Amino acid sequence: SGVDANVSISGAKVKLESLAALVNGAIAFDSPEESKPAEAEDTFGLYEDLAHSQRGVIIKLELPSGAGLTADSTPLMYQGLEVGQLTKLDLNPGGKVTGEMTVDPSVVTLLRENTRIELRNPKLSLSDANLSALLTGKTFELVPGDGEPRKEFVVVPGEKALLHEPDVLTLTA
Amino acid sequence: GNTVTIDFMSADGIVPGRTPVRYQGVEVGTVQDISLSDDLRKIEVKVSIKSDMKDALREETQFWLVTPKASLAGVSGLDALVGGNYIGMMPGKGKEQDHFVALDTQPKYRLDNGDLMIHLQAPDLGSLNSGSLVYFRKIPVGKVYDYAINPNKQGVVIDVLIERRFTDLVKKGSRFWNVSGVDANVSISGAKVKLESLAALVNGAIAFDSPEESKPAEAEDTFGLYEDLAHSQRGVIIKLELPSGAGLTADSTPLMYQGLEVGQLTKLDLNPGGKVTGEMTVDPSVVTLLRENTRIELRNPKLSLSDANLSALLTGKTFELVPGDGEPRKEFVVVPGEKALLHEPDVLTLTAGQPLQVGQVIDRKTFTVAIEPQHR
């Protein structure tokens, strides 16, 4: 329901909904193949948008600071592709910042112990001046590990990525 | 005169006196009475019928109440406003029945004449309301008849009508694509916004193209709907194994050759194990060049000192075609632009992108380098 603009970098297009959907509002719904049929005034939850209705797994993140992070625009990268999307970004008492993220199921098997997640930063490449990276701002990164599945993670700064590794030679900017 | 009892959930603007029963408008009779039984919304309407139609009156004979419809989606009050609320019927080839249930609305009817009926498969309906229009070169040649859901919940089956005088236009190879809704078409260094016609937006529409050589389709032959004219393009498909789709986009990344766009990446997916694979469409005019030892490399928008090319920077990454010679092939492995010199039919490989220019460094660790075949 309602209509907005969808502005994208280096070109844009604006198509959201049908005329009746805007004059009157509307709902849409999807049905999993395997579930059982609901009945008898069974309650359900409405999601404000198709994006928020996406069926992905939830991950809790303890963050250093959400300086450039945005609650529904910051993506998760892997092999150059978006797989996940930050969903919630909140301040806890004591100054700690915590968020929660959605991930596509196709990658969830990679989420295991010694799987680290690092905030990358858009770098000023001398060779390939990548404008889109600069415009996007901060972005996370996935780097799979091996071990038991886990769902709570601590995000590491991109600088300290080498430090938080299974194997690394630490000596005593 | 006859008697027929019809069950109505509701009977809004009906009077026993003048509610003439019509069959495509010809009066079949009039309602005799309207009443109810045990106050349970079983509105029994007794109807008189001319004996000529009495024979065809059978089990499958359907009935419904027409009504003026000035709602948001409805204009079907053309006759009910003038002639009053009549009721419509359709004869059936049942056995016989006298007690009936009125259908809630007017059902869809099939003209007996020689037209064409065909089926479109679509994962979603789009903005195609019943009555949306079918075009050949923006000439209407038929309309949407009905839509429904296949037994599996993973698709939609539309069935559509084509007039007699155009039944030759529909071929087996003919492609259908949706034309509906309106967007903005923003381009760099200037933009223009023209998509579709007013009716195409109010109602939605389909367009279709017919290859010259194919055979005419017939008899409810299924077809595939393409969401847009672009996705309906007739080009050859190529599978690509990629290093990483950092800047790649599924329907914006083009293929270059001699400075011109020839192809367009279509699909971009992550395979298990971290491998990335995509698929691309190419114009037929270049497909003959796709052979063995034909390499495809991802180029990058370079910061040219001389010709500061803004459009290249804005576009981001782009592929490149460099023809080879050999057997035709359809699977390719994309090479990084840095390693383009390495993956060549002839190259002098010795044991990080520094020049030598007569050659370039390939990698460090030990130094691996390459020299061009002409300078070999």
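No lab work stands behind these numbers, since they all come straight from the coordinates. When we count neighbours, we look across all protein chains shown, and the Cβ atoms used for this are built from the backbone with ideal geometry, even at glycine.
Check A:100, A:82, A:118, A:34 and return the single one that is within 14 Å of another protein chain (Cβ to nearest Cβ), of a type in the set (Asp, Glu) and under 18 Å from the mean Cα position of the chain (by Cα).
A:82
Sort out for me the strands (runs of 3 or more DSSP E) sitting completely within the range B:193-244 that have 2 or more residues that are among the β-branched types (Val, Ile, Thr).
Result: B:236-242.
Does residue B:261 meet the test of being acidic (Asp, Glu) and out of contact with any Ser or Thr (no Cβ under 7 Å at 6 or more places or on another chain)?
yes
Does residue B:189 satisfy being touching a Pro at 6+ places or on another chain (Cβ under 7 Å) and either within 14 Å of chain A (Cβ to nearest Cβ) or buried (at least 18 other Cβ atoms within 10 Å of the Cβ) (or both)?
No: the conditions fail for residue B:189.
Look through A:5, A:51, A:21 and report the one residue that is under 30 Å from residue B:191 (Cβ atoms), within 14 Å of chain B (Cβ to nearest Cβ) and in a loop (DSSP other than H, G, I, E, B).
That would be A:5, the only listed residue that is under 30 Å from residue B:191 (Cβ atoms), within 14 Å of chain B (Cβ to nearest Cβ) and in a loop (DSSP other than H, G, I, E, B).
Here's a check for you: in the range B:24-48, which residue that is of a type in the set (A, V, I, L, M, F, W, C) and in a strand (DSSP E or B) is nearest to residue B:83 (Cα to Cα)?
Filtering the range B:24-48 for residues that are of a type in the set (A, V, I, L, M, F, W, C) and in a strand (DSSP E or B), the one nearest to residue B:83 (Cα to Cα) comes out as B:26.
Looking only at residues in the range B:192-216 that are more than 14 Å from chain A (Cβ to nearest Cβ) and crowded, with 16+ Cβ neighbours inside 10 Å, which one is farthest from residue B:129 (Cα to Cα)?
My answer is B:210.
Which of (1) away from chain A (no Cβ under 14 Å); (2) over 24 Å from residue B:177 (Cα atoms) is the odd one out, the single condition residue B:246 does not satisfy?
All conditions pass for residue B:246, except number (1).
Restricting attention to the range B:150-186, which residues are among the aliphatic types (A, V, I, L, M) and either within 14 Å of chain A (Cβ to nearest Cβ) or on the phi > 0 side of the Ramachandran plot (or both)?
Hits for the range B:150-186 are B:156, B:179, B:182, B:184, B:186.
Please tell me if residue B:227 is surrounded by fewer than 19 Cβ atoms within 10 Å (Cβ to Cβ), more than 14 Å from chain A (Cβ to nearest Cβ) and either in contact with a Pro (Cβ under 7 Å, 6 or more places away or on another chain) or closer than 21 Å to residue A:13 by Cα (or both).
No: the conditions fail for residue B:227.
Within the range B:264-284, take every residue that is under 25 Å from the mean Cα position of the chain (by Cα), surrounded by 17 or more Cβ atoms within 10 Å (Cβ to Cβ) and part of a strand (DSSP E or B) and give me the one that is farthest from the other protein chains (Cβ to nearest Cβ).
Per the stated criteria, the residue is B:282.
Being surrounded by 15 or more Cβ atoms within 10 Å (Cβ to Cβ), within 11 Å of chain A (Cβ to nearest Cβ) and either basic (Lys, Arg) or not in a loop (DSSP other than H, G, I, E, B) (or both) is the requirement here; does residue B:255 meet it?
In short, no.
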